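Below is one structure, written out as structure tokens; the observations come after it.
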Amino acid sequence: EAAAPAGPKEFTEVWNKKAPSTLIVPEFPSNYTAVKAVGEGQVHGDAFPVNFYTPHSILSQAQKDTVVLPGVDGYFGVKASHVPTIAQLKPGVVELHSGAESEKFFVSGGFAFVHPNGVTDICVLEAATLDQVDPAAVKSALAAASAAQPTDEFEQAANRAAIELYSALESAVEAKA
Amino acid sequence: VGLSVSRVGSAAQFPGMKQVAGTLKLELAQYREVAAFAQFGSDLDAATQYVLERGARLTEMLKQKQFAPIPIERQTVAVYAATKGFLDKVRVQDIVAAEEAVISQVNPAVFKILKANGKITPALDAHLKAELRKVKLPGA
Amino acid sequence: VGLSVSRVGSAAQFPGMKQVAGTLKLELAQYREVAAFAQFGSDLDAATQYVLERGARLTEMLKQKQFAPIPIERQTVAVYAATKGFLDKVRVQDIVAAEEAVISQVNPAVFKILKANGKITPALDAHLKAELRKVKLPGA
Amino acid sequence: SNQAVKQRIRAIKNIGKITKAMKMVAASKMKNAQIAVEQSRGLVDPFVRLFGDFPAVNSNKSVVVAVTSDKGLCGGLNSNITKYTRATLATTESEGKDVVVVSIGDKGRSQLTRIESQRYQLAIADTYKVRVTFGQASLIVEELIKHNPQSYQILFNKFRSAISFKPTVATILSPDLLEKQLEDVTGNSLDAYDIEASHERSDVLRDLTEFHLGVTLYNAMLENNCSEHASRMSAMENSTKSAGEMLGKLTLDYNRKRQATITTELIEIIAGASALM
Amino acid sequence: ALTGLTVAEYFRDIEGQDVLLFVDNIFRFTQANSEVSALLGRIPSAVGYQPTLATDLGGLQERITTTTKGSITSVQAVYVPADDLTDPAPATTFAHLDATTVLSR
Amino acid sequence: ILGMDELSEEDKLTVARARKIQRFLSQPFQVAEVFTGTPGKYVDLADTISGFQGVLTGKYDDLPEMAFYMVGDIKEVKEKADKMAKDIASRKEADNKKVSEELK
Amino acid sequence: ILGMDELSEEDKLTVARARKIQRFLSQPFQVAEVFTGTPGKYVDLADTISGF
Amino acid sequence: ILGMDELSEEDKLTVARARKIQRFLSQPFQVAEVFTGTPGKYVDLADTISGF
């Protein structure tokens, strides 16, 4: 079932016999990570480590008490010892709760892995917070994005992504406090 | 060491020193070329690093202070203790103190045998390998 | 400026010109140390860029126009304008036209009190500092 | 014979000033690139803890990317990862695997052609010209997914500190072609996860490995750009050292020639005046 | 410089003191002896100097010593002509200097 | 100035072959054997012609630089690579069973 | 040394304009018509100032 | 090119030792007190060696 016993400690013992002996073994992206998935612990109670990422940012790497994620089936909340999950995220609002305060991060889609050790890894491309959104371009954006539909299937997909993103953005910018 | 030459004095020198100075000269030649090989500290080789530490051992071995010339047997024994083993534990710093401990702690009969025989006989470098292991080097 | 010297130095300078030249020559010295590095313009450095732009502000100030010698108070006012920072409004390609837009536009009373006093006074470097903002400097 | 040495002194002096300018601008560009690199390292970790790290897989098709530089004054960066590229192509190959060799940067097509001329198939360049963005890495990953391999190998220089750049191989497996097969250990290690996507798990892994390739590629060519800047910072520092050595030797030579010039030009005058007096 | 050395040599020999001498610009001593040798019709040696450069310098610098009575010490300002330390005037001067004190900006 | 890292690859071939033939023009002498220890080699004309032709065509690009240094023929660079290579492992393991005993 | 790529396009503008000026200074001579190939030109002063 | 706080913890100790060494090399002169105000301090040799 696992007919290629791969891994870094196997690559470093097979790589010594097929390479010149002058080159040291290349590094691997496992050596630059610390928190694993299957390993024990890493939750301790009501808090749990939430790694909210972005390609160009690290928005949070602290611990939170609950994480509301905008999954494609609907908004779910991750508590401490959640079930392991690979949730694909719809355009919506992540809120990282740490008590009474709530940072409302509107993401544009991505993924969110809850690992067996209780580590939440939200992985989105763009995550704007809700105050830096203007409500003026979203309405003409929905009006124009509900208008131009040619026989292209590619623009049907891009226009459907447009209308669902801008409609979720108006739903989460007209329903604030 | 690379530019200074005395070929007329060569094959007219101390035979005990001529035994040890040949490998001293080759190791210093290798040290000069692995120092010219490293214009930079970024890539270590760990096979040239051996001769790069043996050469900095021999350079520290070779330097002496003013107005105290050394007899030829105590030069021969010190360079014998440098180009062979018996000095790899001291880093680069205490090799002057180690060479003084080699001169002071080794039995002074072996200097007389090296002086009167002129060269290192097999019965002499036997006691050289023996007497050099029972000295206590200050860099440990 | 680097090779020119005066072995009398600061003892025989106009006081008031003495008050601005002490930072003018230091700022030009730093600009000479970062000189020939302004060929990297988009390849910015953000701390040497300030001294590069200010050095270009100062070297275009000192240029002159051939049998038009300037009285010392007008030169002092021009150096006080350029070394205090009033001329970072100005495009560097027309600082030589900006100093007729300082000398001719500042009223000819600052020059008379600077000449007769023979040094910069707190009253004057309030007054002409206020006069150095109602000037029509050629910026874009 | 004393104006050739003077113009050589001028040549070596302006070369040294050019090189110190290049060193200080690479040292500035290394610091502004370190803002972007340490932020992009975060997103690599969830995929390497979710999919693991499997460099020696028995794939029958791989696409190898060596992330090289555009400008060439790096000082042995692109040659080091070309050595590492062929030393991984001689390692991960097992049975007759089709390997597509790709280079990111102009200095890769100059040397991967010299190593693997037939398996070289794609050349991405001009990527660090303005900046590196995720849409750019996404388009490069789309062009790699135009080929359909069972594995991806990304060869880049991990910027660790301002002096340490370690070459890194980062492996991305194709979703159910090899990735799910490498995760099942008598059951699966992926079947612990409750999949919360719309369509099947094959589709969510097909999306997730494209996103993993885009993230790995973006981080790879940020790390390699930061190591490029920090290696030009040390190459243009040794070159100022050697251009100071050459200038000192040329100045000693010029002063010897200046003294000899004054002596022979004076000896000519004495020899001409002693023939008349 | 010989006149200043005589004034110091009285204090050394007759008063028995530790005298300081300040030969300001020993290079100008060298320059003036070079001009004197040129006016006397002598063929100049290396770069342009007197043939007697080492001897006209050593005639000065060997009277600045420690005797059993006292000593003369010289703080001589040194000029380096083409910023060239191998020029014969500073190369001959540095053969006598027991110390250098570099004042820098 | 720039190091060897900025060369083209045919230029690195030029530098490698030129360092090889620079070392290969070196030769031990039968009158320098009294102060160097190396015995001196007479090299016949056909041998040096064929050796330098072989280094020029590329037949010895595998051999290192210092195997050409102070050797007679183009055979002796191969035997010096054989001697240099074999040692590349032989560095230690001369602990005891010596001639440096105390009774024998 | 580098190759005119790192000049911020205010230096590339004066490099191009200076190359144009360097070429525009050259002029064929009516006494060098038998040298190279070209009938020689006589430029007026007003045409010189307006062209430069 | 890297920053004053880029340095190691031992090299900052050498910077803080050398910066207070090169301060300590300065000295007020007895002849300079007619125009500097601060009086001049003759320093003996043993005091110099012990303090440094």
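Among the listed pairs D:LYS31/D:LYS166; F:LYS12/G:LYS12; C:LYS84/C:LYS119, those with a Cα-Cα distance over 23 Å are F:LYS12/G:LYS12.
Looking at region F:43-104, the GluC sites (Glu not before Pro) that sit in a DSSP loop and have at most 16 other Cβ atoms within 10 Å of their own Cβ are F:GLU65, F:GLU93, F:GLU101, F:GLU102.
Placing a label point 7 Å from the Cα of E:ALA46 along the Cα-to-Cβ direction, the residues of region E:84-105 whose backbone N falls under 13 Å of that point are E:85-95.
Taken one residue at a time, the phi angles of region F:41-47 give Karplus couplings (6.51, -1.76, 1.60, θ = phi - 60°) of 10, 7, 10, 5, 5, 5, 5 Hz. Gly and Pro are set to x.
Based on C-alpha pairs under 8 angstrom that are at least 6 apart in sequence, chain E has a relative contact order of 35 percent.
Hydrodynamic estimate: the Kirkwood radius of the protein assembly as shown over Cα pairs, inserted into Stokes-Einstein at 10 °C and 1.306 mPa s, corresponds to D of 41 µm²/s.
For F:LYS41, the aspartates and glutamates whose Cα falls under 18 Å of its own Cα, not counting residues fewer than eight places away in the same chain, are F:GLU33, F:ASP73, F:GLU76, F:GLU79. Taking amide H as placed 1.01 Å from N in the peptide plane, D:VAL65 has its amide H under 5 Å from the amide H of D:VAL102, D:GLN153, D:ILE154, D:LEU155, each at least 5 places away in sequence or on another chain. Result for chain E in a Gaussian network model with C-alpha springs under 10 Å: among E:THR92, E:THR67, E:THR30, the largest mean-square fluctuation is at E:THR67. Converting phi to 3J(HN,Hα) with the Karplus coefficients 6.51, -1.76 and 1.60 and the offset θ = phi - 60°, region B:59-72 yields 5, 5, 5, 6, 7, 9, 9, 6, 6, 10, x, 10, x, 6 Hz in sequence order, with x at every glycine or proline. Modelled label positions at C:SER10 and G:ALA46, each set 7 Å beyond Cα in the direction of Cβ, lie 5.9 nm from each other. FRET efficiency for the F:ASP95 to B:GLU33 pair, using the beta carbon distance and R₀ = 30 Å, is estimated at 0.55. To make sure I understand the rule: partners must be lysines, Cα under 20 Å from the Cα of B:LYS89, and not fewer than 8 residues away in the same chain. Which ones qualify? Once the sequence-local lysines are set aside, what remains near B:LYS89 is B:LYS63, B:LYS129, B:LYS134, B:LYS136, F:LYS92. Exposure here means at most 15 other Cβ atoms within 10 Å; with chymotrypsin sites (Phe, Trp or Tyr not before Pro) in a DSSP loop as sites, the longest stretch of chain B lacking them is B:68-140.
Working note: Karplus 6.51/-1.76/1.60 with θ = phi - 60° gives region A:65-81 the couplings 9, 7, 10, 8, 10, x, x, 6, 7, x, 5, 10, x, 9, 9, 4, 9 Hz, where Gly and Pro are set to x. Rounded to the nearest 20 debye, the dipole magnitude of chain G is 200 debye, with +1 charges on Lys and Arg beta carbons, -1 on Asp and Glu beta carbons, and the Cα centre as origin.
Each label point was placed 7 Å from the Cα along the Cα-to-Cβ direction; for F:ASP87 and H:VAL34 their separation is 7.5 nm. In loop segments of region C:33-140 as defined by DSSP, the trypsin sites (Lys or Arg not before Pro) with at most 16 further C-beta atoms inside 10 Å of their C-beta are C:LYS63, C:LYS65, C:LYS89, C:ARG91, C:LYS119, C:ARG133, C:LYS134, C:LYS136. Between D:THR261, D:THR85, D:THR216, which gets the highest mean-square fluctuation from a Gaussian network model of chain D, Cα cutoff 10 Å? Comparing D:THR261, D:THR85, D:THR216 in a Gaussian network model of chain D, the most mobile one is D:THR261. Would you mind pulling out the separation of the Cα centroids of region D:1-57 and region E:44-66, in Å? Cα centroid of region D:1-57 versus Cα centroid of region E:44-66: 55 Å apart. Considering only alpha-carbon pairs that sit under 8 angstrom and 6 or more positions apart, the relative contact order computed for region D:83-234 is 23 percent.
Taking the DSSP bridge list for region D:25-235 and keeping only pairs wholly inside it, about 35 percent are antiparallel.
Legend: mean number of C-beta atoms from other chains within 10 angstrom of residue C-beta atoms, peptide F:6-16, equals 1. With R₀ fixed at 45 Å, the C-beta to C-beta distance from B:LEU3 to B:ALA109 puts the FRET efficiency at about 0.70. Only Cα pairs within less than 10 Å get springs; with that Gaussian network setup on chain A, which residue of A:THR151, A:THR85, A:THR12 has the largest fluctuation? Ranking A:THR151, A:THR85, A:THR12 by mean-square fluctuation puts A:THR12 first. Across region A:37-133, C-alpha contacts under 8 Å between residues 6 or more apart give a mean separation that, scaled by the residue count, equals a relative contact order of 30 percent.
Of all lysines in the structure, those lying under 25 Å Cα to Cα from D:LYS249, and not within fewer than 8 positions of it along the same chain, are D:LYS6, D:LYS13, D:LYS17, D:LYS20, D:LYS23, D:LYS241, D:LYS257.
Of the trypsin sites (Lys or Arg not before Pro) found in chain H, those in coil by DSSP whose Cβ has at most 15 other Cβ atoms within 10 Å are H:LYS41.
Using the Cβ of A:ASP131 as centre and a radius below 10 Å, the other residues enclosed give a net charge of +2, where K and R count +1 and D and E count -1.
The B:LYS89 and C:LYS25 beta-carbon pair, evaluated with R₀ = 60 Å, returns a calculated FRET efficiency of approximately 0.55. Inter-chain neighbour count for C:34-40: the average number of beta-carbon atoms from partner chains within 10 Å of each residue's beta-carbon is 5.
Spin-label model, F:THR38/A:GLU101: points 7 Å from Cα along the beta carbon direction are separated by 7.6 nm. Within chain A, the longest run free of exposed loop sites, counting GluC sites (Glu not before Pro) that sit outside DSSP helix and strand states (H, G, I, E, B) and have at most 12 other Cβ atoms within 10 Å, spans A:102-173.
With ideal geometry, Cβ positions are generated from the backbone for all residues, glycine too; neighbour counts draw on all protein chains shown. Bear in mind that the values in this text are calculations on the coordinates, not laboratory data.
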